[PDB]
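Peer 1: Structure provided below as structure tokens; questions to follow.
Basis: the model, the stated rules and, where named, an outside source; these are not laboratory values. Every residue, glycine as well, gets a Cβ built from its backbone with ideal geometry; the counts of neighbours run over all protein chains shown.
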Amino acid sequence: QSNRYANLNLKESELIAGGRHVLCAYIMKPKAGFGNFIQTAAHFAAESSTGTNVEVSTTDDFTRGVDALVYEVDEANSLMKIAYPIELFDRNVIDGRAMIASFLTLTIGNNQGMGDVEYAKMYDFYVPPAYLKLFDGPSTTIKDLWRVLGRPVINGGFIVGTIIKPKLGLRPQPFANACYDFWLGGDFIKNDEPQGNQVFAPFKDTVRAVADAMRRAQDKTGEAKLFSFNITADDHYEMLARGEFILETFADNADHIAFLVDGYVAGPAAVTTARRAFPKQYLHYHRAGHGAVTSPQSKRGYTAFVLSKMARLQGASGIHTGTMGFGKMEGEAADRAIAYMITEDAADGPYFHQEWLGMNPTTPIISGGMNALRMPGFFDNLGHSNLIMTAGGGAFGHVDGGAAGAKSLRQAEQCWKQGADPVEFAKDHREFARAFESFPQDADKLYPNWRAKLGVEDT
Amino acid sequence: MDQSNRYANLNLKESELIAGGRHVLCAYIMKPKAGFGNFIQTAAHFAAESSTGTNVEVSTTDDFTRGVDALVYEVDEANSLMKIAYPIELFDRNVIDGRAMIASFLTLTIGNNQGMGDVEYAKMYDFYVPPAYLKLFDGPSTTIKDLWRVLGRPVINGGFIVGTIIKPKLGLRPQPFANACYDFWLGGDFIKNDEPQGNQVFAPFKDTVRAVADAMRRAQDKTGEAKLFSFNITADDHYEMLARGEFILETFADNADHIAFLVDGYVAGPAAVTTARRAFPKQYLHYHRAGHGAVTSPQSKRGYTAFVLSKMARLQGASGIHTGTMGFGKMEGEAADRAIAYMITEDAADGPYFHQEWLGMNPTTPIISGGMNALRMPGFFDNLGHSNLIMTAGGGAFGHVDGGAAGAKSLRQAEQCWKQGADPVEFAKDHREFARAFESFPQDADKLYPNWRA
Amino acid sequence: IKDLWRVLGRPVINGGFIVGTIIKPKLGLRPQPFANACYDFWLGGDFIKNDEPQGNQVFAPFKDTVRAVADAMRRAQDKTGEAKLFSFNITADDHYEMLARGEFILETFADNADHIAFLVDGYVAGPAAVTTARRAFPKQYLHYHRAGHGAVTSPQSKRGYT
Ligand SMILES: O=C(O)[C@@](O)(COP(=O)(O)O)[C@H](O)[C@H](O)COP(=O)(O)O
Ligand SMILES: O=C(O)[C@@](O)(COP(=O)(O)O)[C@H](O)[C@H](O)COP(=O)(O)O
Ligand SMILES: [K+]
Ligand SMILES: [K+]
Ligand SMILES: [Mg+2]
Ligand SMILES: [Mg+2]
Ligand SMILES: [Mg+2]
């Protein structure tokens, strides 16, 4: 088994050059009292490809040729790298294309229940051209949103967004009134992830009231407005019904619609339903639930980097990549590498370089405890603002309301792009300055002398 | 922000919340992150991020919204326990048929709350579904009773279904695969696709399905007994899942009611499970949970346990789900996991925190699998209390010294030994295939039956 | 073309020239002689196109020709070690016939399904036929064949459009 499933003589550069293997890098610890590191890594490769925990009479030479192989170990750093012959992965009968479900079942499936492994988490993976080209990839990108907004389709810049808050509770007309207010100052509105067809806010009534708010805001401002609707369901046919109803209702504003799918909880099947049924609608991948495995506190499953890289292959137009430590959710500054892996044609993960061969980019959607004050620091860490940022609390929690909240987000990115000092910039921008008084604990930490500098009382 | 006043009401009585029938209840083991809020403050912010709030006050909140807030109604900080009540009006329903969706239950009760920067961890150990919400779930349409009927067994307590998994997990070409099916079916009842088996370039789906259909006819002609197969129809594309399923049923023809459909429900998700449940309600839906250990392991302090996963699967309409070997096999499991089996088979059962009435919703079968063999079976059944289930032993059948068929008969004989209350070593002298499992897995025999070499 | 260059293993930016042919005679070749001419060209070239009227004629049934061409593609790819492409005419008056043809081709080609282009006689069958292929099969290269266009586009014509 250590002879069969482990070949540490293989050179990673040759496995990449050969283009016949998917590579996976894991941080793994063997359970005490079982096998050594290479034995545990060999049994892990067996349970992730062609074997079980005992020898079987049915094994032939052909089977041995599709074995996953351990090609590199670094026991001191708990690192194991496995090469998966690409012929292992399932393909559709209908169109010969790849499926992420098969990648998941083999590379991070049954190997997560092994009694002889304490834990194992995937940190990176490499997809060679012969397998990458079989994935859907995104059909709609931020370029399509920039075109609807009248922005340049190359570096069209920042899309000012929000989430309708409360997360649940608003009836159809109060919901649509909050949409109208935000759209007086902002571009994009997203359903909060569970909003759909609740008994107090029926889906068709809310969709119609929002379509009317979009027309009213566009007439008032003379600017195009965008909405991302949650179409998540267990039933594929419910997802189609929701999507079809939205496009028909929005009519001449149908290209202003994004479809949101809770891709981690509903699964890859739900993401593909939206991607294949509505390829001309921006597919917004919401990752609620992902923290159960992606948290740095978890030593199992896979990281947010791996989740995001899979989503690009699945065809997400955009995916939540987190605030990279600048918001309310778990995240780190080094998470900027996630955003570049999903937007660039060539990028480096923690272990593998990836060429995307012209596959469309996936937008990093920034969200979770963001507001005007936290934005300049976020953009400094990332390096660009060609993205969507949604701030629910940061817009509707603004002291002067959602419209002022939307302008504070707009003004916060204009401050960063100009290279201005946020406190100095706030004296000329009322809505941005009023975000300091809306979130005073954040202002005290990020800009310690803001009260004296903006001429406001209290502390 | 301290959201305790709004999102915590520890004066609520659990018995009254259950009697009211207007709330879903969830019990979590939670630890606040050091240097942030106290236990109640963290539990209140958790309830906020799981229902109607965010991390700051918003101008758009009204009294109506406050009425659908999730509420912390019980805390036991010493045992890291938090219980939250979710008004059932929070949960999404289908526009097409007004029915519930597990995706919404997951998004609210174990979604964004798993990324909170002020929580070290939080894992769901139990949940309660009141009648007004339970009745909106699909529940299973096909059960073990339908397999017992195809096998010619009594439809009440029809007993043990002897199964295997076709090993190698991947690598077998279509005819060698079907030859291993024929061999096992000479002694056993049920064969399962190993979870990733589908349309690989070396074993095309249609060729494998046709070769297996021919092996089923040959084994049934030879033995005079009905045989069952569970095919993996998992795909990202709903239409691929339909194409696979439709092709299998048409090919199997007069044996179409001998087919189960396997879905890798944890990796492909609830959407894939529902595709199979709603498109093929008359085909036994076999929920394979590959990947689940990333959250269900006792080593994980996040997500949800295997008990919670299994209870959701029954609501989703799984006919059967892998419940693990309860510590008797190769995967992580514990003897107390027998409570998982009762929660999914009985009409009334107790979880670690909540009693559940199922109101006649069909049972889900415990599918026992993962490092099982004829030697480990009598101990497993003693712990569970019955054998009205499917057990699949891949290595335990194809790893038997005399082959598949002998492997199958040792699984059959091992359950017959348990039902008779016989001593396995004494029983083995009269049952050759059962005795030859001792020599097939000698390390297991040395631990379970120390003086067997005789 | 970037998607064809990727299947050919060429750079996806300026991947260069795709060497192609049309299976002649325009009509008359039975399924195996047709597929034998595909195999021969593919020993030296990249792309083969159905001549514009080739489909389901009584002497070259569609399913038989599609299967014989799928076998010739596998044989040429095994022989040369290079990827090969085919553009199939799926033109029909009936939208559902266009879907049946396309679906049958993709299922038959299986692991070579991304080597398939769909040809539509867009000028004679019309924009409705072009959109059927574009919307039903957006991941298959849509090859617009303009047979008939000369009736208006010719410089001799002073009507219609160029
Ligand atoms: O429900 C929420 O909490 C949010 O709407 C943010 O609202 P706020 O702006 O008010 O905080 C998003 O779903 C989270 O950002 C998801 O986290 P992530 O992006 O990390 O997946
Ligand atoms: O691939 C495997 O390992 C198995 O086929 C068992 O094969 P063996 O009989 O040879 O061990 C099953 O998928 C596991 O039982 C899944 O674990 P669980 O039931 O816990 O979901
Ligand atoms: K090496
Ligand atoms: K209480
Ligand atoms: Mg949200
Ligand atoms: Mg398996
Ligand atoms: Mg021609």
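Peer 1: Does C:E107 qualify as being among the acidic types (D, E) and under 22 Å from B:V201 (Cβ atoms)? Steps first, answer last, please.
Peer 2: Details: among the acidic types (D, E): yes; under 22 Å from B:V201 (Cβ atoms): yes.
Against the criterion (among the acidic types (D, E) and under 22 Å from B:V201 (Cβ atoms)), C:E107 qualifies.
Peer 1: Scan the range A:263-319 residue by residue and report those that are of a type in the set (V, I, T) and within 23 Å of A:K121 (Cβ to Cβ).
Peer 2: Taking the range A:263-319 and keeping what is of a type in the set (V, I, T), we get A:265, A:271-273, A:293-294, A:303, A:306, A:319.
Residues satisfying the conditions are A:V265, A:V271, A:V293, A:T294, A:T303, A:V306, A:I319.
Peer 1: I would also like to ask the following. Which residues, counting only those in the range A:356-381, are under 19 Å from A:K190 (Cβ atoms) and in contact with a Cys (Cβ under 9 Å, 6 or more places away or on another chain)?
Peer 2: Result: A:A372, A:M375.
Peer 1: Take residues that are over 27 Å from the mean Cα position of the chain (by Cα) and tell me which of the helices (runs of 4 or more DSSP H) falling wholly in the range B:36-145 contain 3 or more. Talk me through it step by step, then tell me what you get.
Peer 2: Values: elements: B:39-49, B:63-67, B:102-110, B:131-134.
Where helices (runs of 4 or more DSSP H) fall fully within the range B:36-145 and carry at least 3 residues being over 27 Å from the mean Cα position of the chain (by Cα), they are B:39-49, B:63-67.
Peer 1: Give the residues of the range B:30-64 that are in contact with a helix residue (DSSP H, G or I) (Cβ under 9 Å, 6 or more places away or on another chain), surrounded by 21 or more Cβ atoms within 10 Å (Cβ to Cβ) and among the β-branched types (V, I, T), sorted by residue number. Walk me through it before giving the result.
Peer 2: First, the residues of the range B:30-64 that are in contact with a helix residue (DSSP H, G or I) (Cβ under 9 Å, 6 or more places away or on another chain): B:30-33, B:36-41, B:43-62, B:64.
Pick out the ones that are also surrounded by 21 or more Cβ atoms within 10 Å (Cβ to Cβ) and you get B:30, B:32, B:43-56, B:58, B:60.
Result: B:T52, B:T54, B:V56, B:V58, B:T60.
Peer 1: Quick check: is even one residue across the range C:70-84 touching a helix residue (DSSP H, G or I) at 6+ places or on another chain (Cβ under 6 Å), touching a residue at least 60 places away in the same chain (Cβ under 8 Å) and farther than 19 Å from C:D121 by Cβ?
Peer 2: Within the range C:70-84, one or more residues are touching a helix residue (DSSP H, G or I) at 6+ places or on another chain (Cβ under 6 Å), touching a residue at least 60 places away in the same chain (Cβ under 8 Å) and farther than 19 Å from C:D121 by Cβ.
Peer 1: Sticking with this structure for a sec: Looking at A:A406, A:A435, A:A420, A:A426 in this structure, which one is among the small types (G, A, S), farther than 23 Å from A:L145 by Cβ and within 14 Å of chain B (Cβ to nearest Cβ)?
Peer 2: Working: A:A406 fails: farther than 23 Å from A:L145 by Cβ; A:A420 fails: within 14 Å of chain B (Cβ to nearest Cβ); A:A426 fails: within 14 Å of chain B (Cβ to nearest Cβ).
Going through A:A406, A:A435, A:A420, A:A426 in turn, just one is among the small types (G, A, S), farther than 23 Å from A:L145 by Cβ and within 14 Å of chain B (Cβ to nearest Cβ): A:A435.
Peer 1: Search the range A:19-60 for residues being more than 13 Å from chain B (Cβ to nearest Cβ) and free of Cβ contacts under 8 Å to residues at least 60 places away in the same chain, and hand back the single one that is farthest from ligand 7 (Cβ to nearest atom).
Peer 2: Once the filter is applied, the top-ranked residue is A:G33.
Peer 1: Tell me which residues, restricted to the range A:148-183, are part of a loop (DSSP other than H, G, I, E, B) and either acidic (D, E) or within 14 Å of another protein chain (Cβ to nearest Cβ) (or both).
Peer 2: As a first pass, look at the range A:148-183 and keep what is part of a loop (DSSP other than H, G, I, E, B): A:150-158, A:164-171.
Hits for the range A:148-183 are A:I164, A:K165, A:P166, A:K167, A:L168, A:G169, A:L170, A:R171.
Peer 1: Here is a follow-up. I want to confirm something. Restricting to the range A:383-393 and keeping residues that are under 19 Å from B:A48 (Cβ atoms) and either more than 8 Å from chain B (Cβ to nearest Cβ) or hydroxyl-bearing (S, T, Y) (or both), which single residue is surrounded by the fewest Cβ atoms within 10 Å (Cβ to Cβ)?
Peer 2: Only one residue tops the list, namely A:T390.
Peer 1: Test of understanding: among A:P194, A:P172, A:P166, which residue is surrounded by fewer than 23 Cβ atoms within 10 Å (Cβ to Cβ) and in the same structural domain as A:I319 (by CATH)?
Peer 2: Values: A:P194 fails: surrounded by fewer than 23 Cβ atoms within 10 Å (Cβ to Cβ); A:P166 fails: surrounded by fewer than 23 Cβ atoms within 10 Å (Cβ to Cβ).
None of the other options fit; the residue is A:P172.
Peer 1: Something else about it: For the condition part of a helix (DSSP H, G or I) and within 17 Å of A:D181 (Cα to Cα), what is the one hit in A:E431, A:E437, A:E413, A:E424? Spell out the reasoning first.
Peer 2: Numbers: A:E437 fails: within 17 Å of A:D181 (Cα to Cα); A:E413 fails: within 17 Å of A:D181 (Cα to Cα); A:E424 fails: within 17 Å of A:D181 (Cα to Cα).
Result: A:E431 is the single residue among A:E431, A:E437, A:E413, A:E424 that is part of a helix (DSSP H, G or I) and within 17 Å of A:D181 (Cα to Cα).
Peer 1: Let me ask something additional. Pick out the one residue from A:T221, A:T272, A:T232 that is surrounded by fewer than 24 Cβ atoms within 10 Å (Cβ to Cβ) and either outside the structural domain of A:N92 (by CATH) or more than 25 Å from A:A403 (Cβ to Cβ) (or both). Spell out the reasoning first.
Peer 2: Details: A:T272 fails: surrounded by fewer than 24 Cβ atoms within 10 Å (Cβ to Cβ); A:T232 fails: surrounded by fewer than 24 Cβ atoms within 10 Å (Cβ to Cβ).
The conditions single out A:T221.
Peer 1: If you don't mind, there's one more thing I want to ask. Looking at the range C:100-116, is at least one residue aliphatic (A, V, I, L, M) and surrounded by fewer than 19 Cβ atoms within 10 Å (Cβ to Cβ)?
Peer 2: In the first step, residues of the range C:100-116 are kept if they are aliphatic (A, V, I, L, M); the result is C:100, C:105-106, C:110, C:113, C:116.
Now restrict to residues that are surrounded by fewer than 19 Cβ atoms within 10 Å (Cβ to Cβ): C:100.
Yes: the range C:100-116 contains one or more residues that are aliphatic (A, V, I, L, M) and surrounded by fewer than 19 Cβ atoms within 10 Å (Cβ to Cβ).
Peer 1: Out of B:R277, B:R289, report the one residue that is on the phi < 0 side of the Ramachandran plot, away from ligand 6 (no atom under 16 Å from the Cβ) and assigned by CATH to the domain that holds B:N232.
Peer 2: On the way: B:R289 fails: away from ligand 6 (no atom under 16 Å from the Cβ).
Exactly one of B:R277, B:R289 is on the phi < 0 side of the Ramachandran plot, away from ligand 6 (no atom under 16 Å from the Cβ) and assigned by CATH to the domain that holds B:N232, namely B:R277.
Peer 1: Then there is this: So, in the range B:61-88, of the ones that are out of contact with any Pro (no Cβ under 9 Å at 6 or more places or on another chain) and of a type in the set (V, I, T), which residue ends up nearest to the other protein chains (Cβ to nearest Cβ)?
Peer 2: It comes out as B:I84.
Peer 1: Okay, next question. Which of the following residues is under 15 Å from A:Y84 (Cα atoms) and more than 16 Å from ligand 2 (Cβ to nearest atom): A:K11, A:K29?
Peer 2: Numbers: A:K29 fails: under 15 Å from A:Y84 (Cα atoms).
Among A:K11, A:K29, only A:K11 is under 15 Å from A:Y84 (Cα atoms) and more than 16 Å from ligand 2 (Cβ to nearest atom).
Peer 1: Report those strands (runs of 3 or more DSSP E) wholly inside the range A:239-324 carrying at least 3 residues which are more than 10 Å from chain B (Cβ to nearest Cβ). Spell out the reasoning first.
Peer 2: Details: elements: A:257-262, A:282-286, A:318-320.
By residue number, A:257-262, A:282-286.
Peer 1: B:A422 is checked against (1) under 16 Å from B:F381 (Cα atoms); (2) under 29 Å from the mean Cα position of the chain (by Cα) and fails just one. What number does that condition carry?
Peer 2: With respect to (1) under 16 Å from B:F381 (Cα atoms); (2) under 29 Å from the mean Cα position of the chain (by Cα), B:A422 is out only on (2).
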